[PDB]
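In: before the rest arrives, take these chain(s) from the complex:
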Amino acid sequence: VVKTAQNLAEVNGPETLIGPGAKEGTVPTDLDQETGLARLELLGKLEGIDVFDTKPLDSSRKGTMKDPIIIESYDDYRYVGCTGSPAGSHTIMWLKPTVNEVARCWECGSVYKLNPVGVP
Amino acid sequence: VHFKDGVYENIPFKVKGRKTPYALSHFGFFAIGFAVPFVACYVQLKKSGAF
Amino acid sequence: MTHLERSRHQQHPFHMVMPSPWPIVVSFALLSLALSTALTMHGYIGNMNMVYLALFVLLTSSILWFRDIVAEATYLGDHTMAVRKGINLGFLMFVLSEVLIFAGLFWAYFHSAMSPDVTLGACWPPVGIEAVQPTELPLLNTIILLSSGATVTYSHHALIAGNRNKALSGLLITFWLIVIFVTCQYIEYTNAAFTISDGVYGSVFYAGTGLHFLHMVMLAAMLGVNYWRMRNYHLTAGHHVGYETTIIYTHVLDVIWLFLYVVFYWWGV
Amino acid sequence: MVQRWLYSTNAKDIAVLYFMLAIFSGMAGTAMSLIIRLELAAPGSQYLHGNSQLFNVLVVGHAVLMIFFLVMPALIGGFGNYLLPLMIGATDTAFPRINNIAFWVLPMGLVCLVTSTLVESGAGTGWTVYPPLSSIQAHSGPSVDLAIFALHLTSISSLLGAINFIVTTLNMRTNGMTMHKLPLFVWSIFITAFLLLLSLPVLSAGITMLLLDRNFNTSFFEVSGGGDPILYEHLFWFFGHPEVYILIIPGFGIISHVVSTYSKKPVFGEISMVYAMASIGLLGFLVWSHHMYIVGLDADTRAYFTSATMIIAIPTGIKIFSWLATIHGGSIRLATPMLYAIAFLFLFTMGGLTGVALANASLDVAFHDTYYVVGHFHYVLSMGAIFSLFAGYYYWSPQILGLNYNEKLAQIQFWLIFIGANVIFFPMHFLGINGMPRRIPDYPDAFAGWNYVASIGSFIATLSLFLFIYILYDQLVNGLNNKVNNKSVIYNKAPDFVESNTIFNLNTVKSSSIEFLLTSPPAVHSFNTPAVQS
Amino acid sequence: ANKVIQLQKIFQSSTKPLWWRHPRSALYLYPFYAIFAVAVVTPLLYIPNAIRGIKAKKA
Amino acid sequence: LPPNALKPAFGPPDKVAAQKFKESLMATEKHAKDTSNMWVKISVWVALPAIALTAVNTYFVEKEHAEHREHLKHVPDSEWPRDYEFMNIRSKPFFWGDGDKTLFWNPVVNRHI
């Protein structure tokens, strides 16, 4: 009933992350016997997509209450470390915007808003 | 593994809702620490014939 | 994969190990070993049967710990790119510490030899001591070791290239070459004219080359573990970390033995 | 419950076990120093019935417990395992099962050292264990073996933990945090982890070779087979000095956080603080034979070690002036952690200046085995590293536990240990300069004066420790009430001058590290979506 | 032969602890626990003699 | 069900980076072929002939030492050379066997008199 996923759009949970075994007499390939989170990170590499987020904070401008800086999260909160508009302008200040309250920097006045995308 | 959260949940010992007072555990634990040098002295002075 | 599906998978690549009994079972075997050896070295225990049992339990309890790392990487998929990079870096810091253990044994050798003590005869080696000659059975050993660092190189590159038979043969040969080195030191020991009891010379000599002997027995156990895993299809052409740690091991032990052979055999004799 | 605390793979739970064992061990090591100071109160046999072997046994037990079973499992095993993953955004440590074995070897190393004092006569050798006094001719039976196995088990602990600390810092930092952006406390555990990795294997060579002389008929150090006792001292002291710095640098990083928080100013010259911590960790491998100035080394060997020892005063003095520059022009808040940090700056400077005199080989002829040396290293270890351990507990425990402590009771505790520590150790310099040797249970009658004064201060300081044990009880039973009455401090930073009371309630915390932004008792799953900084 | 994929699905759908999922794991874990108990108790039963100075009469 | 439940989580795929990754799995696959093939040649044209001539040279030198062991086995203990002060140290007997012999003790060549 279940079958091996071929691309990121075919992944439906962890039972589609089990590959086809190598046949007798040959050296196994990565695509033949990887599983789990290690296999999901490989399917993204083949298409050119990074499945783990590693980019730093957006310091292009200073958010305001009218036009804040949107921050995405898979929970109700995220920790944010602000150092000023051109990164490194002032000493770092850690904040925690939540789904009910924005965060403002007491040092520079930058405003950060949350954007929840997680699904229980 | 999933654990609980709260105030008295991240320690290995029980402080509330217990039958015996917590003072017997708290000061009994630190009494045994303070008392091991004296047990050593007793054994060795009982070997030299001082006792 | 939308937002709904991405929620079912981790947001970071690092490995969350489940609780295990092994770390606290290894600690108890370590205390049973310490208490038994001190008690038998001083006569409170009649024989060596309790020391034997404590060594057997320290051994089979590390096996089970290693058995649970195989399953977490071959059957569960928990070794992502970041987990793999951390494992390699932890192993390099392990060998750096083991290298400095030999560095302390080379200090003790040079301290005893550059200004030798007068009860020896103020001469190195001391009078009456017949030492091991370099151009001998120790010269067969330095060739047998250099010959295994090139048969292990072509096995590793035959696995990346997808050749199975060539990979499986260049490892079965590295195994029996380290085995040959081990029994060659055994012959060299039961025939030597001096003993570890023969003063400070027999102490620094058998300590430096005797520790290296023990690592080689550990090195031959690692190549046998890789042999089972490569023959039973655990290792893939791009994911074989239990193999690279073994390869780095055979090259450091090669350099250490090279130093032993130049100082303990050519300069100190 | 069984598998949460015996099978643990969580770095916060393991750090709590470390602190529990560390504080149970300082009880025993303080009880031994009290028995020692009662027997030194007056000339003659006092309490031990003339058993000089027993007095020597308690001195070894005192030093081993304080160093290897209190200060290392608390500053490193405790605070390092709890605050380092949280300060860099890590979800755990690397190698969580290695992290657990490095704790469970310390209980087994305690049931090896304790049973060493109860078997035959114990080990009356000093904590350095020099041969031939520690060989089977002058120390028969299994006591010195069981003490060596105890030291072996603490080396496995510290080495395995150091490998874990190094990989975690280099591999598991969060988005945007580069090595130039680390908090100063993270730098102090990282540099300490490298000193342990390069010095512990030399000590394991020395004491395993001592075990071989005793039981396997070997002559590394035996003089009848050609061996040399002076080799052991080179091998032991090549680990020793790096150890004293493995004990002060984590406290250097604690002092940096406390002083900056209660000044409302960032640390002055933060980048030159990391360069100084690295220079002190490097120069601590080139100075070890200042501990062997009178054993007969060459005069040109002794002139090198003089100048090498002196130049470690330059980087350390940069850290002293840097700390005084951040509190200058500040807004100082005199809570309990701030009191210890200000006493650290005054009492560490004194202990370090008596080390500069000891650094010259010509003057060390009048300073060998003299109480004057004992006075030097109790000013930098007991008014130094110990004072930074109190500063840490009062700084982070309300967050870690969710429970507040009685503030005015804690300021009484601080003054009782500041007064009592000075009374024990200041007259030790007077005894040494007049010529009193160390490691003696009995002395000539002219030394009775200052020896009585120091024994009184030993009772003052033990009473201050018993008050700390009650403060722990009050925090654990009444911690939630300490938040609603006015018996404790709620905010370590107060509103700014022009900031109103209600604007302050929008952002209560103004922190430059993550740890003060978590829930009070931090969640067992602290990060799911990674933290991000610019 | 190759049994990676088959063991891959046994392991990932099991409720038991990690060291218990393989069908052959009973044969290792039962005798190890008994041996582990003897190897811990027996050295402890000798500290009373060591404190009392009684030595074994292997003669 | 939040409204965001059915919206993309990654963004536009990078087809350039998908090719750099793809081309690097074939370069290393074949670079390991031109590298592996040489080390089989080296292992048979240098390493193997070294373990050939050294072995017989080692057999010859070892064969001589066996007769020298046979002559010593006939020497009685009366004219065995006397030990020096540092030889055969016994600070306390070994805790195994008779208390006088080491692990690799050989009666022909090692003696305590």
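Out: Nice, thanks for sending it over. Residues are numbered from 1 along each chain as shown, chains lettered A, B, ... in the order given.
In: residue in the stretch 251-400 of chain D nearest to chain B?
Out: The nearest approach of the stretch 251-400 of chain D to chain B comes at residue D:400, 8.1 Å away (C-beta to the nearest C-beta). The way it works is simple: take the backbone N, C-alpha and C, and place the C-beta from them, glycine included.
In: so that residue touches residue D:79, yeah?
Out: No: using C-beta atoms under 8 Å, residue D:400 makes no contact with residue D:79, being 9.9 Å away.
In: which one of those two is surrounded by more residues?
Out: Ranked by neighbour count (other C-beta atoms under 10 Å in any protein chain shown), residue D:400 and residue D:79 place residue D:79 first, with 26 against 22.
In: which residues does the more buried one contact?
Out: By C-beta atoms under 8 Å, 6 or more residues apart in numbering or on different chains, the contact list for residue D:79 reads D:15, D:250, D:254, D:392, D:396.
In: related to what we said a few turns ago, the residue of the stretch 251-400 of chain D closest to chain B: what secondary structure?
Out: What DSSP: H, G, I helix; E, B strand; the rest coil gives for residue D:400 is helix.
In: and it, how far is that from chain A?
Out: Distance, residue D:400 to chain A, by C-beta to the nearest C-beta, to the nearest Å: 18 Å.
In: likewise for residue F:97?
Out: 51 Å.
In: hang on, the earlier thing: can you pick out the most distant pair from the contacts of residue D:79?
Out: Largest separation among these by C-beta to C-beta: D:15 and D:254, giving 15.0 Å.
In: list the contacts for the residue of chain B found nearest chain A?
Out: Chain A sits closest to residue B:5 of chain B, with a gap of 14.5 Å, by C-beta to the nearest C-beta. Neighbouring residues of residue B:5 by C-beta under 8 Å, 6+ apart: D:519, D:521, D:523-524.
In: which element is it on?
Out: Using DSSP states H and E, residue B:5 sits in no helix or strand.
In: just the one 10 residues further on next, same as before
Out: Secondary structure assigned from DSSP H and E places residue B:15 in neither a helix nor a strand.
In: swap in the one 10 residues further on?
Out: Counting by DSSP H and E, the secondary-structure element that holds residue B:25 is helix B:22-45.
In: quick one: that helix near chain D?
Out: Yes: remark: helix B:22-45 sits within contact range of chain D at B:22-23, B:26-27, B:29-30, B:33-41, B:43-45, by C-beta under 8 Å from any C-beta of the partner chain.
In: with the structure above as the base, add chain G:
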Amino acid sequence: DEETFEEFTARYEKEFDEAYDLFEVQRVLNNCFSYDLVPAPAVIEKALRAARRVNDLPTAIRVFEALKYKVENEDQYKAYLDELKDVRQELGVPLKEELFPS
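Out: Following on from the chains above, chain G is added here:
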């Protein structure tokens, strides 16, 4: 940071005109009094006219309280109260000593 005094006033004058709520007026005011200088009279006037625009009287009282902490003498405090005479009178701002007289 090489900023002359003349550049200091012209930058904080611009910064007080853009503040749009109480959080902004209090945050800008905090940073202006945190240097090693006393702001010029023309900067104090713009800070009073910024707290009027957000309708907050205590922030305007605290402006003169910080001024009496930062000066070196009490004759420097007086000369400010003699320059900003009309503005304190036109907006109706009292002094903290006048409000809680002792």
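In: ok chain G is loaded, check the contacts of residue D:79 again?
Out: D:15, D:250, D:254, D:392, D:396.
In: nearest to residue D:34, of these?
Out: When the contacts of residue D:79 are compared against residue D:34 (criterion: C-beta to C-beta), the nearest one is residue D:392, at 24.7 Å.
In: filter the contacts of residue D:79 to the buried ones?
Out: D:15, D:250, D:254, D:392, D:396 (16 or more other C-beta atoms under 10 Å in any protein chain shown).
In: nearest to chain A, of the residues you listed?
Out: Taking C-beta to the nearest C-beta as the measure, chain A lies nearest residue D:396 of the buried ones among the contacts of residue D:79, at 15.9 Å.
In: my guess is that closest one contacts residue D:516, does it?
Out: No: judged on C-beta under 8 Å, residue D:396 makes no contact with residue D:516 at a distance of 9.2 Å.
In: does stretch C:186-195 reach chain F?
Out: Yes: Stretch C:186-195 comes into contact with chain F (C-beta under 8 Å from any C-beta), by way of C:189-195.
In: all strands of chain A, in order?
Out: A:69-73, A:80-82, A:93-95, A:103-104, A:111-116 (DSSP state E).
In: want to throw those strands into JSON lines with mean neighbour count and distance to chain B?
Out: Output for the strands of chain A, formatted as JSON lines (neighbours: other C-beta atoms under 10 Å in any protein chain shown; distance: least, C-beta to the nearest C-beta, whole Å):
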{"stretch": "strand A:69-73", "mean neighbour count": "19", "distance to chain B": "19"}
{"stretch": "strand A:80-82", "mean neighbour count": "25", "distance to chain B": "23"}
{"stretch": "strand A:93-95", "mean neighbour count": "22", "distance to chain B": "21"}
{"stretch": "strand A:103-104", "mean neighbour count": "24", "distance to chain B": "23"}
{"stretch": "strand A:111-116", "mean neighbour count": "18", "distance to chain B": "21"}
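In: chain D is nearest to which of these?
Out: strand A:80-82 (3.0 Å).
In: helices or strands up against that closest one?
Out: strand A:93-95, strand D:532-533 (3 or more C-beta pairs under 8 Å, 6 or more residues apart in numbering or on different chains; DSSP states H and E).
In: and of those, who's closest to chain C?
Out: Among those, strand D:532-533 sits nearest to chain C (C-beta to the nearest C-beta), with 12.1 Å.
In: sorry, back to before: got the strands of chain A as a markdown table, with distance to residue C:110 columns?
Out: Shown next, in a markdown table, are those (distance: least, C-beta to C-beta, whole Å):
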| stretch | distance to residue C:110 |
| --- | --- |
| strand A:69-73 | 61 |
| strand A:80-82 | 52 |
| strand A:93-95 | 53 |
| strand A:103-104 | 63 |
| strand A:111-116 | 63 |
